[PDB]
Structures are given as C-alpha cells and as structure tokens.
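Participant: There's a structure below that I have some questions on.
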Amino acid sequence: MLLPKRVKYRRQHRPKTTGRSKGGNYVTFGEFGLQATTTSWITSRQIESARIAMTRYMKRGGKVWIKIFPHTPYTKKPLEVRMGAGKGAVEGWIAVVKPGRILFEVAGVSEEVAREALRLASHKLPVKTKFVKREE
Amino acid sequence: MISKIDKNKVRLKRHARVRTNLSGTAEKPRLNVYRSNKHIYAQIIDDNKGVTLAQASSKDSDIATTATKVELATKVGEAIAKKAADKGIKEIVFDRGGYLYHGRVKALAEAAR
Amino acid sequence: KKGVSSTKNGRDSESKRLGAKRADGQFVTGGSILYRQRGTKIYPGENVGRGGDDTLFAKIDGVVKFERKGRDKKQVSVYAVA
Amino acid sequence: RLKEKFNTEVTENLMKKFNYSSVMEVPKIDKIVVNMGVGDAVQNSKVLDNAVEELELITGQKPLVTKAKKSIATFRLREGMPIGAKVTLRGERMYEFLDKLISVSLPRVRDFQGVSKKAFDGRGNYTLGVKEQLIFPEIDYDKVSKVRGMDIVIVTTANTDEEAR
Amino acid sequence: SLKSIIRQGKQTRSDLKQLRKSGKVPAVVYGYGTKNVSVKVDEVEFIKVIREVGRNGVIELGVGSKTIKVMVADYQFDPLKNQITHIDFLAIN
Amino acid sequence: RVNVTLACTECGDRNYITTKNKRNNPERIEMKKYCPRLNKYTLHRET
RNA sequence: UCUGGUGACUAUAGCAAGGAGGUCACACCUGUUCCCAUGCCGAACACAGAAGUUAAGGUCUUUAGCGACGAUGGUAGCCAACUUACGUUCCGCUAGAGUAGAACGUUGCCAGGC
RNA sequence: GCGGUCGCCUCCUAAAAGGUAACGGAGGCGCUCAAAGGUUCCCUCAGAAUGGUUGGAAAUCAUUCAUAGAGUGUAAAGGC
C-alpha cells in the first residue's frame with residue numbers, strides 16, 4: 001500500500017488513458033526490467049499483493065526497485081443509493097501505465113530467477129507484460 | 001571587504017523611473033544634468049528620435065573654475081543655444097532639485113524661461 | 001428513498017466579459033474602449049490612458065497598434081494617421 | 001584617540017598586511033553594528049534602553065525578531081537597537097578595550113569565523129564597566145556581530161593586535 | 001567498420017511506415033562541409049553493429065563524396081517493436 | 001462607524017455627508033468644505 | 001576613429017574566473033565651518049577643498065564551463081478524408097516542445113576635448 | 001417526504017476570443033479606515049547559516065547566498 005500523507009485536494013478527476021508512455025521507459029537499479037504492453041490503472045493493492053509474493057518466491061534473497069507510485073486517489077460510493085448528491089469518500093489510490101514502461105527492477109540474481117519471478121509477479125496485474133534484458 | 005556599492009548604477013537607475021513622465025519634445029525640451037565628482041553639466045534635449053537637439057556645457061571652458069556650486073555653476077545655469085525654446089522642465093535625479101541643482105535652476109529661470 | 005447528506009457547495013458569481021474590444025489595425029473614435037482586465041496585462045502606450053485601474057481607452061482618432069514594450073510586456077497605441 | 005587609533009597603528013600594516021595591487025584593495029576596518037538584547041519581553045526590555053546612551057550613540061529604535069520561531073517572536077520591543085557604526089560612531093563602545101576589565105575568557109577560540117561576519121560578545125558584565133553597578137547589575141544581553149576586512153580568519157588573525165583577542 | 005548509406009529523399013508523405021517493414025532507418029550527419037543532408041541506412045547489416053564500433057568511434061560513409069569518419073550520436077529507440085527509427089551521424093572536421 | 005453631517009453656517013445647508021467612528025475620535029470635528037452660495041471653501045460644523 | 005552623453009534590439013546583450021593601462025573622464029580618497037538632512041550613525045543625503053593614489057570597479061581581451069537565441073532530420077498532437085470499432089489503423093495538409101550541430105564575450109541613434 | 005440550500009464576490013470544470021449545465025470540487029461577504037485617503041520626497045523581499053544575559057534548533061542587529069519562492073486591513077485569481 002504505497003500511499004502518500006499530505007494532499008491538498010481529496011476529490012479528483014479520473015486520469016486520461018490514451019496514447020503512448022512519457023517517462024520511465026528504461027531500467028536503472030538493476031540489470032533486469034519488466035515492461036508493460038497495454039493500458040490500465042494499477043491500484044496499490046496489486047502492488048503489495050504482487051510484491052510480498054515475488055519476495056516469497058525470492059525467499060528474502062535479492063532486492064527489488066519499484067518504478068510505479070499511485071498518486072491520484074480514486075473515490076467510490078458505499079451502498080447503491082440514488083444518483084447524484086455529492087461525491088463518494090476516497091477509498092483507493094491508482095497509478096496509470098501506458099505501453100512502453102518498466103514497472104520493476106532487480107539485480108544480481110540469475111536470469112532463471114528473473115524469468116521465473118516476473119512471470120509470478122505479472123499474474124496479478126491487469127496489464128500484459130513482456131521481459132526486457134537491458135537490451136542496449 | 002564586503003560588497004561596496006557603485007553609485008552611477010542607481011543614479012541612472014533613478015533617471016529611469018524619473019524618465020517615465022518627463023521628456024523634452026522641443027516644444028518643452030527638458031535639460032538634464034550629469035553631476036560629477038567635482039563638476040556639473042546640463043543639456044537641452046528633444047525626445048522624438050534620440051538625436052541631440054540643443055547643447056551647451058558647464059565644462060565647455062569659456063571659463064573653468066572650482067566650487068561646484070559656483071557662479072560657474074550659475075553660468076551653466078544661464079547658457080542657451082538661441083532658438084524658439086521657452087521655460088523648460090528641469091529634469092532632476094538629485095534630491096532637493098528645487099534647491100540642490102538650483103544652481104542650474106536659478107539663473108536660467110528668466111531668459112530660457 | 002432516504003434523505004441524503006447534502007452538498008456543502010453550489011455558489012459562484014456572474015462572469016465579467018474581459019478581453020480585447022477593438023482589433024489591431026482598425027479605425028476608432030476618441031474615447032472608445034480597447035481592453036478590460038484586472039491588473040495591467042497590457043500597458044497603455046501612445047495616446048491611450050488607463051481608467052480606474054483597468055479599461056485602456058483611446059484619446060484621439062486613428063488606428064490601433066498592439067506592440068511589445070521591453071522583453072515580456074506589451075502595450076497598445078493609437079496613431080493620428082487617416 | 002580611538003578614531004586615530006583606527007589609524008595610529010594600522011595605516012602601515014593595512015598598507016602592507018596583504019601586498020595587493022593598489023592601496024585600496026588593501027582594506028581598512030570593517031564597520032560595526034552595536035546591538036543589545038533582552039531575555040524579558042516586558043520590563044527588562046522596556047528598561048534596558050539607556051545602556052546604549054552609555055555605550056552606543058543611538059537614542060533607541062524598536063526593532064523586533066524577524067525569523068521568530070515557536071517562542072522567539074514578539075513585536076516592537078527595544079531588544080535590538082540598530083546602533084551600527086556608520087562613520088561618526090563607527091568608533092563606538094566596540095573598540096574600547098574594556099574587555100580586559102573582566103580577566104576571564106580573553107582568548108576564547110583558536111580563530112573567529114567561517115562566516116566573515118564576526119561576533120565578539122562581551123558576555124557577562126564585561127563591557128560598559130567604567131559605570132558602577134547601579135542599575136546595570138541586572139539582566140542585560142549583548143550582540144556585537146560585524147564583519148571584518150579579511151575574507152577568512154587567516155590574515156585577519158596575525159595583525160589583529162587592535163582588539164588583541 | 002565499413003558501412004555505407006546514401007542520400008535519401010525529403011518532401012516525404014508519411015506513406016513510409018509501410019515501405020519501412022522492408023528495412024531502413026533515416027540518418028542525418030551533422031558538421032560543416034555539408035549539412036543535414038540525410039542518409040538512409042538498413043538494419044540487418046546493423047545486425048552486426050555488434051563488432052562495428054562498440055558505440056564510440058568511426059564509421060565509413062561512402063555517401064557519394066566526403067566519405068570520412070562520421071559519428072552516429074543520438075538515440076531514437078522505439079517501443080513495442082524492437083525496431084529503430086532515425087539514428088543519425090555527424091562529421092569530425 | 002456612525003453617519004455624520006456637515007453644513008457651512010453662511011449657506012446654512014447640509015449637503016455633504018461623511019462617516020466617522022464613535023471611538024477613534026468622539027470629539028466633535030470640523031473641516032473646511034466648499035458649501036453652496038458662497039464660491040469659497042468655508043468652515044463646516046460636523047453636527 | 002577612443003572615451004563621456006542621450007534614444008532603438010528577443011540576456012546573442014549575462015552572472016563565474018582572471019589579464020593589462022591612464023586619470024584628459026567616470027573611482028577609491030577630508031571633515032563638519034556652512035545648503036539640505038538619517039525618528040539611526042553626514043558611508044546614502046550636502047558643502048569648500050584633492051597634497052596621495054590606481055586595486056577595485058571602468059574599458060577593451062581571453063574561458064563556451066557557467067545560460068538564453070537555438071537554423072535542419074524526425075516524432076507526439078491536430079484539420080479534412082475513406083475505413084473499421086476505435087485507448088486504433090491507413091490516406092492528404094500544418095507540423096511542434098525537448099534533443100543536437102551551431103550564431104554566441106550586442107547592431108547602432110545622434111552630440112562634446114580630439 | 002426528512003435534511004440542506006435561495007442574494008453578491010474569486011478560481012477549476014470551460015475544449016488558447018467572449019459565453020456555457022449538474023443536490024459537480026474549493027474558499028469568502030452583510031465591512032473597515034481621519035488614517036489604511038490626496039500630494040512631494042526617501043527607502044526595500046523570502047527560504048541562509050554565522051556564535052552573540054540569554055539561547056526554547058527559533059529572544060537581536062548586522063554580513064553576504066539572497067530572484068519575488070516576500071509583503072499587501074479583509075477569500076481567490078490577475079497584477080506590482
């Protein structure tokens with residue numbers, strides 16, 4: 001649950017989802033990057049239900065480096081009521097990804113682990129992924 | 001040792017803020033004086049294209065002298081370039097212009113004015 | 001069906017119709033309005049004047065000219081030409 | 001005396017202590033900002049107003065804390081009088097060598113400052129002492145902070161014989 | 001590295017994406033003696049840049065005349081394909 | 001603040017109407033104003 | 001034609017280092033005797049005088065490291081248009097920002113001792 | 001139905017002229033001031049640390065890094 005602390009406004013607009021990526025199209029903190037190939041809203045809960053799990057495969061082995069942080073906090077109403085008497089209280093945090101962006105970064109550990117670990121991790125996210133080998 | 005201030009800087013800097021309403025049109029050309037360390041100046045100016053319309057000088061040396069506030073300061077306070085020019089607007093960046101550069105503002109208040 | 005928790009919002013004010021009111025290069029009358037805005041976005045230039053901290057108006061007839069002043073500040077002007 | 005004692009020893013050293021190009025890159029004494037303080041917001045501050053009539057030349061201005069964090073901040077009290085040495089009083093209660101009328105903490109440090117603005121504090125009852133402790137034997141804070149004519153401590157140091165500390 | 005390109009054509013309609021599957025890339029030399037007089041290169045002779053320079057050094061050009069050492073500097077890598085578009089050189093003077 | 005009223009004795013007419021605090025200055029104030037039928041700034045009594 | 005003075009240019013005009021000269025002219029330089037005056041000290045604000053000097057400023061000449069202007073080749077975006085169901089794709093126009101190679105240590109206006 | 005709102009001012013939505021809706025998302029006003037008004041002078045912001053009864057990391061005037069990141073009687077934007 002990667003969330004912030006101090007926010008000026010608590011109710012915001014749904015982010016725009018069209019077009020290619022902007023920044024973070026490469027990998028730094030480790031040899032190996034997991035790219036993204038479609039568009040969606042990753043929603044902090046995926047991240048910590050696809051981080052603890054990747055480390056439970058990693059058995060507290062090597063180290064990871066996350067390349068996605070949810071900023072715009074999405075809101076939602078509780079029980080199904082009438083339409084329109086205000087906005088629902090914030091209940092989530094979302095991050096938007098576009099095709100061509102490295103989401104995770106790791107170092108040192110063997111490529112067998114890299115493949116058989118990011119395949120474990122992608123099985124939680126609603127975006128379709130593809131391996132990247134730091135292919136200079 | 002610490003930063004000492006130049007003063008030509010703020011002298012022309014103030015000439016700026018003072019040069020936002022007054023400007024010689026030659027129908028009323030302002031005369032505008034570069035005080036110096038020992039001497040004083042003046043010049044009539046027209047302000048349509050920045051050419052130099054009229055001119056005299058204190059330092060011109062029909063006579064030199066000392067005492068920056070001298071009757072030489074009031075002969076520069078009289079001199080003209082004879083034309084159809086009337087009681088000008090005294091450009092002043094120097095405090096108490098009604099008395100400080102009144103050396104210039106005094107003698108010419110009758111003939112140029 | 002159930003009395004809702006209402007809205008702590010709903011207030012705004014009437015728009016004022018700011019902006020330019022005469023186009024660059026067209027002929028005017030003495031005394032006409034050229035621009036209406038809060039603060040001096042465009043300074044008054046030649047033969048124009050500022051009213052009560054707004055309404056840059058014309059002072060003589062002629063054609064208007066929009067122009068730059070220093071590096072980043074503009075200005076308006078009127079020329080007597082007929 | 002002292003104003004000329006800002007000359008009687010120094011014109012030849014301050015014409016030689018450096019070996020610059022012309023006489024005027026080679027400096028003089030840097031000016032002072034004789035300031036006093038208080039530790040009470042009411043009466044010690046309202047009644048620590050003359051000690052300047054004693055030491056400085058300023059009658060008494062009323063500047064307050066600016067930066068003024070949680071409990072520093074107050075308004076308009078005469079805790080810091082701006083008696084900075086301009087030219088006339090620029091030979092003020094500062095270069096009086098009455099800092100020996102204590103015989104403690106003369107040489108305080110190995111050096112003075114990494115910020116050229118030096119601070120020389122008559123902490124205690126070190127200064128203004130030629131006056132007997134009549135009303136000056138109560139709370140009284142000082143603030144002798146001013147720059148000198150030397151970029152670092154280095155050449156500032158081994159010609160500092162003026163105030164000898 | 002002896003790699004040769006040629007002067008390609010401007011006034012391009014964007015109908016080139018489809019003549020692009022068949023290999024090419026743009027390329028434009030910087031430096032005096034000539035200008036941004038672009039040159040067109042192909043890829044599967046760059047399937048062997050592996051041995052050519054590394055990344056920092058010399059390449060022949062054979063670009064008609066003024067065939068000297070020219071340095072491909074910038075990077076214009078492309079997402080989603082493992083393709084490439086507009087890699088470009090410069091003169092050494 | 002409370003509303004006041006000024007009038008030039010010579011004209012004996014109260015046309016000008018200004019404001020004044022009942023704490024800042026409670027003492028009756030008086031200034032020179034241009035009252036009608038006089039063509040001169042006479043003294044006004046803020047009653 | 002050098003400097004001093006006025007009026008144009010988008011810091012191309014700069015802050016960051018220095019280099020070197022003179023007081024014709026800007027400067028550092030003497031105090032309150034006077035004009036004015038710091039609720040505060042004649043450093044800013046003034047005066048008569050200058051025996052003493054060129055550091056600095058001032059001017060040129062150097063550093064493209066310090067920052068703006070940043071010509072092409074692309075590319076995002078977009079106006080029509082034919083398709084398909086678009087987080088698109090093809091076809092025609094206008095094509096950016098950022099990134100380079102660069103220009104880069106101002107063009108002059110009109111006067112004074114020459 | 002219950003509840004809450006009903007006038008005037010500032011911004012976003014509003015798609016680079018103006019105008020533009022919802023029980024859409026944020027704040028305010030029902031004044032105050034003889035001076036905080038007119039005129040002539042004169043001056044200059046923050047975030048920065050110095051080591052100065054005392055220190056409340058912050059009670060002070062300096063000094064220099066200070067580019068408007070300060071201050072505007074009152075909310076917010078446009079301005080200086």
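Labels for the structure tokens follow display order: chains A, B, ..., residues from 1 in each chain, ligands from 1.
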Could you write out as an NGL selection string the residues of chain G within 12 Å of chain C, counting only C-alpha atoms (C1' of nucleotides)?
Facilitator: :G and (8-11)
Participant: Just want the 9 Å neighbourhood of residue E:71, counted on only C-alpha atoms (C1' of nucleotides), with same-chain residues fewer than 6 positions away dropped. Output as a VMD selection string.
Facilitator: chain E and resid 29 to 30 56 to 59 88 to 92
Participant: With a cut-off of 10 Å, could you pull out the residues of chain C touching chain A and give me the nearest pair of atoms for each, distance in Å to one decimal, using only C-alpha atoms, ordered by chain and ascending number, as a Markdown table?
Facilitator:
| residue | atom | partner | partner_atom | distance |
| --- | --- | --- | --- | --- |
| C:1 | CA | A:82 | CA | 7.7 |
| C:2 | CA | A:81 | CA | 8.5 |
| C:4 | CA | A:85 | CA | 7.0 |
| C:5 | CA | A:85 | CA | 7.4 |
| C:6 | CA | A:85 | CA | 6.1 |
| C:7 | CA | A:86 | CA | 5.8 |
| C:8 | CA | A:86 | CA | 8.7 |
| C:9 | CA | A:86 | CA | 9.0 |
Participant: Pull out every residue of chain E sitting within 8 Å of chain G, counting only C-alpha atoms (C1' of nucleotides), and send them as a compact mmCIF listing (two decimals) with N, CA and C atoms, in the first residue's frame.
Facilitator:
# COMPACT_ATOMS: atom_id res chain seq x y z
N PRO E 26 16.16 6.43 -41.10
CA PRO E 26 16.75 7.70 -41.52
C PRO E 26 18.14 7.81 -40.93
N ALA E 27 18.86 8.82 -41.39
CA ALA E 27 20.10 9.19 -40.73
C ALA E 27 20.53 10.52 -41.27
N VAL E 28 21.00 11.40 -40.37
CA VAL E 28 21.44 12.77 -40.78
C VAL E 28 22.77 13.12 -40.11
N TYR E 30 25.78 15.55 -38.93
CA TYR E 30 25.98 16.96 -38.52
C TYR E 30 27.42 17.34 -38.92
N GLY E 31 27.78 18.60 -38.85
CA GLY E 31 29.12 19.06 -39.13
C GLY E 31 29.22 19.86 -40.40
N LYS E 35 25.63 19.44 -44.59
CA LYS E 35 24.60 19.96 -43.73
C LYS E 35 23.75 18.79 -43.26
N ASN E 36 22.48 19.05 -42.94
CA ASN E 36 21.57 17.95 -42.56
C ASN E 36 21.09 17.28 -43.85
N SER E 38 20.36 14.23 -45.52
CA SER E 38 20.19 12.98 -44.78
C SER E 38 20.61 11.76 -45.58
N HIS E 86 15.32 6.71 -37.16
CA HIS E 86 16.18 7.90 -37.15
C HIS E 86 17.33 7.78 -36.16
N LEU E 90 27.41 12.47 -37.56
CA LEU E 90 28.00 13.80 -37.56
C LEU E 90 29.42 13.73 -38.11
Participant: Chain H residues within 8 Å of chain D, counting only C-alpha atoms (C1' of nucleotides): which ones, as a PyMOL selection string?
Facilitator: chain H and resi 50-54+56+58-63
Participant: Chain F near chain H within 9 Å: what's each residue's closest atom pair and its distance in Å to one decimal, counting only C-alpha atoms (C1' of nucleotides), ordered by chain then ascending residue number, as a Markdown table?
Facilitator:
| residue | atom | partner | partner_atom | distance |
| --- | --- | --- | --- | --- |
| F:1 | CA | H:32 | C1' | 8.7 |
| F:20 | CA | H:34 | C1' | 7.9 |
| F:24 | CA | H:34 | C1' | 8.7 |
| F:25 | CA | H:34 | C1' | 8.4 |
